[PDB]
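The structure under discussion appears below in the form of structure tokens.
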Amino acid sequence: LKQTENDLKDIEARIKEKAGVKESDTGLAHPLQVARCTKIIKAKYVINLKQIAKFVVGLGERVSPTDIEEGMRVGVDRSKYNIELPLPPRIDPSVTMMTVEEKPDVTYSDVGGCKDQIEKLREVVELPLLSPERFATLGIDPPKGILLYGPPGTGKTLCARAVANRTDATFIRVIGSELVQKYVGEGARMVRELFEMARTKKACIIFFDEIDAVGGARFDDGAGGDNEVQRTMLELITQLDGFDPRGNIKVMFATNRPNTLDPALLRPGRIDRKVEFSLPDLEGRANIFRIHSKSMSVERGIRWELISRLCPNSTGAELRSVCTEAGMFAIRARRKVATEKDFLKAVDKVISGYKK
Amino acid sequence: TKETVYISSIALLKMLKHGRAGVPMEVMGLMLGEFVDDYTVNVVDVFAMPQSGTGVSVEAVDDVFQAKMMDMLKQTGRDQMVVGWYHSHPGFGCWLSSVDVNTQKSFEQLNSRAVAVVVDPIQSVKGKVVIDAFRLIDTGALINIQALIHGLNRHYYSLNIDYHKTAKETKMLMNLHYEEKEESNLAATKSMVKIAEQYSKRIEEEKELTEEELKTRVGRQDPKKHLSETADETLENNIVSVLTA
Amino acid sequence: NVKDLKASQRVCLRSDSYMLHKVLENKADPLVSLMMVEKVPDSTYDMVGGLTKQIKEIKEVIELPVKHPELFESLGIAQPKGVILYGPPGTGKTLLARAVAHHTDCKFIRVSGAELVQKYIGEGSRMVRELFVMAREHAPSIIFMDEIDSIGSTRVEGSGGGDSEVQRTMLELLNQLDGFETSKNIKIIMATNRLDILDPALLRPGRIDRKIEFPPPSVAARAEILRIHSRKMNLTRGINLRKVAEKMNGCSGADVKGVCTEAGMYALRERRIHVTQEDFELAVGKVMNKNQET
Amino acid sequence: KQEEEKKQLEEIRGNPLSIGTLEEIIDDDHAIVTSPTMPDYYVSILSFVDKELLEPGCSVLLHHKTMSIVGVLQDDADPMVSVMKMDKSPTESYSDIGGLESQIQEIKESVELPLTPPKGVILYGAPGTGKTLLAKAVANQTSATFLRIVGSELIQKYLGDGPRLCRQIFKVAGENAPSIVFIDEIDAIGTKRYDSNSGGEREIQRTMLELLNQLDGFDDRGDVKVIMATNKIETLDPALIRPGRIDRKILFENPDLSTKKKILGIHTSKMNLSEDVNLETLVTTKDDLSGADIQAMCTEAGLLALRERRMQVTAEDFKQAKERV
Amino acid sequence: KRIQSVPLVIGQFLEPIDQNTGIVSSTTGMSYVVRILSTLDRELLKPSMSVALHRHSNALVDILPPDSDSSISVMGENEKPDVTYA
Amino acid sequence: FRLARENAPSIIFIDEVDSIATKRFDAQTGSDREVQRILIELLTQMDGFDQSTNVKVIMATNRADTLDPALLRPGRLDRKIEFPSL
Amino acid sequence: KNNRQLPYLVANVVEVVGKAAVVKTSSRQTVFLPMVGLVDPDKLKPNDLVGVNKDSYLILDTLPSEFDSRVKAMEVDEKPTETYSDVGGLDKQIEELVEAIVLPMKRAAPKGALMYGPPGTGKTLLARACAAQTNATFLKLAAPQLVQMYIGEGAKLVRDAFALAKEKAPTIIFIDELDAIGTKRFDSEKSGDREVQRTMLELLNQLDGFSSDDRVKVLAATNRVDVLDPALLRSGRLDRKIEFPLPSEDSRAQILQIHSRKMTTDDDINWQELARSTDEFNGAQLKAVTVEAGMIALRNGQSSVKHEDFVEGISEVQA
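Chains as they are written, first to last, in the entry's author numbering: chain V, 49 to 77, 95 to 107, 143 to 456; chain P, 23 to 165, 184 to 217, 230 to 269, 271 to 298; chain A, 103 to 396; chain H, 88 to 203, 215 to 423; chain W, 87 to 172; chain D, 258 to 343; chain Y, 70 to 85, 113 to 204, 214 to 424.
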């Protein structure tokens with residue numbers, strides 16, 4: 049009874065797809098980076149995005165009724181030439197691994213200590229996400245893009261997330277490393293789908309962490325593979341410049357270095373305001389601490405003010421080395437509520453043991 | 023199943039010529055012949071389709087020119103059945119195209135049956151021939185049978201080729217090689245020009261052998278081998294010249 | 103069969119049929135890059151002869167370990183997994199390494215040290231790992247580290263920190279030859295007149311088990327070495343080589359060749375395939391020139 | 088019988104067919120594949136076995152046709168993960184390692200203590227005494243799934259494996275929980291270099307960063323923890339450290355005379371000796387050796403007493419053996 | 087004889103598996119079990135050679151008397167130099 | 258070199274071998290690993306081939322410094338002829 | 070029959113005897129052919145796109161300027177409409193521009218001028234102004250693209266840009282920080298950097314390659330150029346070394362004008378006070394002041410953007 053049953057599950061689909069198979073295998077041929102539909106000379145109807153016979157269909161009206169050609173690959177590769185042509189052959193990494201958080205948990209969280217930024221964020225981001233109108237009534241729009249540098253994302257993203265959530269705007273965090281990945285048009289399409297979902301989410305923050313990841317201004321395009329990286333940067337810049345409505349949508353770039361920027365980036369009308377993440381301070385740490393503490397069981401008789409007194413100004417992320425380090429001190433001191441010296445020792449310990 | 027194909031070597035060479043030069047393309051066109059009772063694939067003729075800048079296809083077949091010819095051929099008295107399909111398949115044992123099949127398959131329709139002649143014009147040139155004809159299906163068989189009624193017949197499935205000409209052209213062929233007297237004795241009595249070599253050639257033989265014999269003191274190069282094959286090649290070629298003198 | 107089949111196995115695949123046509127001998131080819139393996143090199147130790155005392159010591163730190171590892175396993179020990187020579191350079195020490203490594207029937211491997219760790223990540227250390235590989239394949243195979251050993255024929259005078267990381271990763275392999283390996287009569291020859299520039303972890307046995315030092319030498323070693331080298335060359339009777347070697351000072355067994363070459367240079371310039379004694383003593387000073395010169 | 092039942096499932100395929108790599112599994116029950124010969128085709132399984140059984144970018148059953156996916160093909164070429172030592176309640180416990188207790192508490196308080215806080219530790223110092231032995235100690239003392247991986251083992255030059263390899267590790271870390279995350283010898287995937295371009299390997303960072311993306315993607319009340327074992331301190335992201343998550347750098351140093359004596363008293367007694375051999379006899383003559391030259395003194399002592407042709411080793415042989423090894 | 091013929095390809099003889107067999111190289115890097123000269127034998131056979139291969143019959147047609155000029159970047163060749171001394 | 262010893266007697270000469278005589282004294286990255294092979298090659302070839310002289314290895318030297326005595330090892334590079342001038 | 074496939078492998082001619117051509121494919125394959133029918137001996141040329149029956153190596157078609165690399169990396173702004181009211185107070189060398197560009201263009214001459222002086226003063230704008238003014242193709246190609254790991258690739262890039270912009274000539278080629286490729290060093294060490302030299306040397310010989318072409322305007326922007334060669338100031342090469350220093354105070358008030366321009370304002374603004382209290386802004390720093398001012402106008406609650414807004418545009422640190 050159980051003899052043949054697996055066969056027609058396949059042999060059919062086999063022989064069936066064996067059309068598509070042999071419909072690939074013509075001319076020795095989603096997710097297209099490269100359609101290979103090969104040496105059809107009458143006709144070849146192919147984008148080869150490839151080092152073997154790199155090919156393009158367009159320049160003169162060129163399509164093919166269902167399918168440009170073959171490969172099982174029929175289509176535009178990923179780097180697109182004309183349209184569609186035969187419905188999407190394309191992408192390539194799943195959709196987006198970038199962060200889009202509307203109304204982030206941060207309204208005031210690491211907002212402690214960063215206010216200058218946050219204030220600079222306000223008119224760039226808050227007041228326009230509040231009222232772009234006044235800016236149109238000013239005659240401008242908000243600063244159309246805003247560089248943030250210094251320590252990234254510690255509060256920096258959160259500070260962006262703040263005004264994102266302080267205005268309840270959609271917060272699109274984007275990682276430049278995500279933008280620079282292993283195929284063509286990698287970020288581009290994402291940058292597209294960004295800009296797609298941008299005006300979908302508009303009155304939103306497009307936020308780029310690690311614009312040093314995609315690289316900034318560099319001669320490194322001389323290597324020849326970094327051009328794509330630049331091309332992605334080109335893509336973005338090319339894209340981001342004109343058609344991002346920047347009265348609603350917010351353009352923000354997190355980075356370590358403000359200088360690395362591709363000169364196109366900091367250009368007026370692209371990046372107007374340029375902000376440093378304000379380093380979490382004696383106060384900021386306290387509250388940034390206090391929040392870090394709330395996950396822990398922590399003593400409230402002590403103050404994160406008290407701890408941040410001791411601590412010099414450090415990144416909103418490291419302020420857990422203050423706090424979350426004493427989850428052990430909580431159970432080291434066996435104070436379920438970790439005490440002052442618990443975190444003082446943490447400030448001692450982590451900075452003591454720091455030595456970097 | 024054991025089926026008798028018969029070729030005009032004319033058509034054969036005609037194709038070859040067309041095919042030899044046809045590289046890259048599979049050469050295309052008619053196949054003129056018939057079927058005498060069963061099994062019998064006769065070929066008087068064939069011919070190029072003119073170049074297909076669309077390449078070999080069920081499409082690239084133009085029956086215009088055939089008729090044109092076929093008329094002029096009918097005018098020539100030249101008339102046959104178009105018996106199938108013959109193309110030039112560089113480095114292809116394999117099979118030609120399911121297309122070519124379908125191509126033929128569309129066409130063997132026009133017959134009881136047809137062929138698609140495999141040719142590697144590359145591998146043809148070898149001094150032996152490389153070639154096949156598929157027509158993939160049977161009646162039953164030499165009557184093969186089952187896979188047809190069970191459907192899904194696909195394979196290489198060659199036919200069994202042959203051909204015939206005559207002793208007539210055979211002469212005219214072997215006419216290859230006034231004539232002999234002018235062609236032969238006397239025409240290559242040139243030797244003495246090389247006597248030095250003819251010596252030296254013979255001279256060189258000597259050395260090779262003291263060498264060879266010596267090893268007597271294993272496998273080939275053997276002390277008593279190339280000896281004769283060497284001193285025996287300069288013996289004759291040196292006697293034929295005597296005929297002239 | 104399926105079971106007789108093995109990984110890497112060389113086979114006849116049915117070419118166009120892409121099923122096995124038959125099985126072949128699974129097999130491969132040697133390597134290069136200054137770590138290159140040399141397969142049981144050929145030299146004999148009596149040519150530096152008079153140094154056979156050390157060679158007998160080398161024989162006990164290599165050959166008798168290599169010839170019969172179990173006399174030291176009947177002794178019960180871990181016999182030398184690596185070897186040292188120490189003391190006056192220049193005899194053709196490579197022979198001391200090789201002549202035994204030849205006598206031992208061991209691949210005598212030559213590995214330039216500083217290239218086993220490099221600026222390119224993984225490039226240098228790859229040599230290290232592969233060196234651990236193709237050495238033991240042909241075991242017994244007596245390794246020698248090029249660009250390390252201070253015996254003076256192979257001398258680069260090692261290095262302090264460049265070969266150290268090389269060593270550290272080789273001493274890693276040399277404690278790895280002390281690992282599941284326990285590879286003995288697989289011997290990196292670390293034969294050095296200088297032990298400081300290299301980590302003391304090497305002389306730690308299992309890397310070099312039997313620590314032996316090759317002296318002296320002197321007139322006698324050379325005189326023999328001379329009597330060896332002058333022996334080959336056709337000479338003139340009445341020749342006293344000891345005197346010649348008594349002439350010899352600050353000379354070595356490879357520099358001994360110089361004398362025979364110069365005495366031969368003399369004698370061939372004397373129109374002599376024979377060589378008198380005077381040439382040699384003349385050649386001594388003339389080689390004592392270059393021994394002292396530059 | 089089932090032979091043919093199965094065999095017909097083979098008879099489907101035809102053969103010999105092509106080992107070939109996937110590129111992208113697609114729900115069309117097609118997928119685009121990857122050939123070492125680089126035909127790469129968007130093609131279908133022969134479905135009895137499952138797409139899910141395999142990953143995009145994996146070597147799969149492919150015909151010679153279009154390289155149509157025939158079904159599940161291993162691609163046994165690797166293990167279930169990248170290169171791993173997979174252990175649970177591992178052999179090494181704090182007792183077996185000699186006294187390391189200085190940093191045992193570091194690995195205790197970080198991993199052991201919260202299990203009732216930071217997510218793990220950084221091992222530094224020397225292997226074979228401190229790091230490797232500590233590695234399994236609290237891993238055994240928490241008795242969880244200990245995953246040992248070397249950066250050289252993972253030293254993946256292929257882009258995305260190093261992350262996927264780590265992900266294959268994180269695949270185990272999530273399912274095999276409780277899972278001790280151990281990371282050995284990162285000189286390669288962990289050196290962020292100077293740039294994202296021009297000859298610097300992203301797959302270095304990309305391995306690490308995603309390993310870090312997945313590292314920074316967990317922190318615990320003491321259940322699952324992480325370990326970082328290597329000698330290069332600053333080649334690594336501070337976010338890789340991320341002070342507050344791994345605040346433990348466990349940097350081993352040559353066992354102090356008593357901690358030495360524990361590794362001694364352990365490894366002295368575990369190589370046969372004559373009671374002439376004694377701990378403080380062996381303690382004192384040392385320079386503060388690692389726990390290994392403790393052993394190594396004891397190990398060779400056999401061999402040197404084997405060189406004395408005795409299984410019960412003298413006091414000199416150890417003194418020789420140490421001052422040898 | 088006429089089995090042999092000119093339009094051949096180049097490779098490097100690696101190694102015989104046995105008489106009229108062996109692994110060789112291709113200028114395509116192909117190395118496969120093939121045939122060789124039954125012309126040569128053993129002492130006749132040469133254990134590494136630039137070699138002559140059919141394309142399809144793909145077997146050793148003959149050795150190539152040693153190739154020279156590859157890169158490297160060749161050698162000095164002055165055959166009978168023009169310079170007399172003095 | 259073998260082709261020359263295939264051509265034996267042949268000649269081996271080099272224009273300013275001191276160009277290849279420079280080798281890596283450290284990890285020298287690009288361009289310096291050839292001479293590693295190539296210098297040591299001849300070193301291996303000088304020191305690794307017998308004395309029957311159908312062929313002399315000759316080298317143009319205005320600069321003998323980047324050379325190594327491994328070359329200068331006797332029986333191998335014995336003769337030093339100095340262009341005077343002078 | 071014949072035509073065509075999408076696409077062919079293209080190939081590059083060698084001979085064009114008189115009927116003879118060999119080409120080498122985009123698959124890297126050298127083939128002779130009698131020069132085919134669909135092609136023309138002038139279309140025929142090395143470095144060429146050709147529809148070529150690949151199987152036959154019969155060139156089917158010539159293929160034109162096409163999906164041919166523009167080096168996507170390279171950035172073309174075609175004759176962007178821009179005036180000299182972009183950044184005010186620079187009308188000084190805006191004349192020198194016209195003197196080095198417009199007048200040479202519109203009459204019959215240099216192939217371009219050497220900029221220097223800090224941009225943000227809108228050197229590019231004045232270029233693009235000239236690119237509108239002369240209506241010449243503007244090309245700003247980043248020297249970031251021109252500095253190459255590949256031998257003479259920026260040269261190739263300059264070569265493409267040379268042709269590709271000359272395709273669109275009249276052109277103003279705008280070089281970004283010439284001192285990037287403005288380095289030949291002094292000596293025989295050129296192995297390490299040939300590029301910055303050789304890429305420069307490429308353009309020079311392309312400049313040394315014409316004079317009377319005023320279609321091509323190669324305009325090299327720097328804060329200041331590094332090396333100076335009678336090449337670098339030459340008719341037919343960069344002729345005119347042209348400053349764009351940070352403009353003067355009410356030259357900047359003229360820019361601040363252009364900036365304080367489009368803000369809705371209450372007229373508290375006094376430029377000269379701003380313009381004197383601000384100092385030596387490349388224009389956008391005034392706009393930095395200004396956009397702050399507008400920002401600060403809402404931060405002052407005004408839609409009107411005032412002197413205080415702008416003095417607070419000053420107040421946000423102007424350094």
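All C-beta atoms in this analysis are idealised placements derived from N, C-alpha and C, irrespective of residue type, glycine included.
Cβ-Cβ separation between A271 (chain H) and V198 (chain H): approximately 14 angstroms, too far for a contact (criterion under 8 angstroms).
When DSSP states are grouped into helix, strand and coil, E259 (chain A) belongs to the coil group.
Taking 7 angstroms as the upper bound on Cβ-Cβ separation, chain A lies near residues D283, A284 and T286 of the region 280 to 291 of chain D. Contacts with chain P at 7 angstroms (Cβ-Cβ) do not include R121 (chain W). In the DSSP assignment, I183 (chain V) forms no beta bridge with any residue. At a cut-off of 7 angstroms between beta carbons, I106 (chain V) contacts chain Y. At least one CB atom of chain V sits nearer than 7 angstroms to the CB of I99 (chain H). Using a Cβ-Cβ cut-off of 7 angstroms, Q278 (chain A) does not count as an interface residue toward chain D, since no Cβ of chain D sits closer than that to its own. Residue-level contact check: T76 (chain P) touches chain V, since one or more beta carbons of chain V fall below 7 angstroms from its beta carbon. For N144 (chain W) and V113 (chain Y), the gap between their C-alpha atoms comes out near 37 angstroms. Straight-line spacing of the CA atoms in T370 (chain Y) and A236 (chain V) works out to 12 angstroms.
In this structure, the beta-carbon distance from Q266 (chain H) to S169 (chain H) falls below 7 angstroms. Annotation: Cβ neighbours of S154 (chain W) in chain D (cutoff 8 angstroms, chain order): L260. For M305 (chain Y), the closest C-alpha among the options Y:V79, Y:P176, Y:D318 and Y:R264 is that of Y:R264. Residue environment analysis places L187 (chain V) among the exposed positions, since fewer than 16 neighbouring C-beta atoms fall within 10 angstroms of its C-beta. Pairwise C-beta distances place the region 93 to 112 of chain H out of contact with the region 360 to 369 of chain A, as fewer than three of them are shorter than 8 angstroms. A Cβ-Cβ contact shorter than 7 angstroms links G322 (chain V) with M254 (chain Y). DSSP lists P:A138 and P:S198 as the bridge partner or partners of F156 (chain P). The C-beta separation of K334 (chain A) from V386 (chain A) comes to about 18 angstroms, leaving the pair out of contact by the 8 angstroms criterion. By the Cβ rule, the region 389 to 409 of chain H counts as touching the region 363 to 376 of chain H, because three or more pairs are nearer than 8 angstroms. Listed in chain order, the beta strand (DSSP E) runs fully inside the region 286 to 314 of chain Y amount to none, counting runs of at least 3 residues. Sequence-distant partners of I190 (chain Y) (beyond 5 residues in either direction) whose C-beta falls short of 8 angstroms from its own C-beta, in its chain, are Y180, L231 and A234. Segment contact: the region 273 to 292 of chain A against the region 173 to 186 of chain A, three or more CB-CB distances shorter than 8 angstroms; contact assigned. The region 218 to 232 of chain V makes no contact with the region 170 to 190 of chain V, as fewer than three CB pairs between them are under 8 angstroms.
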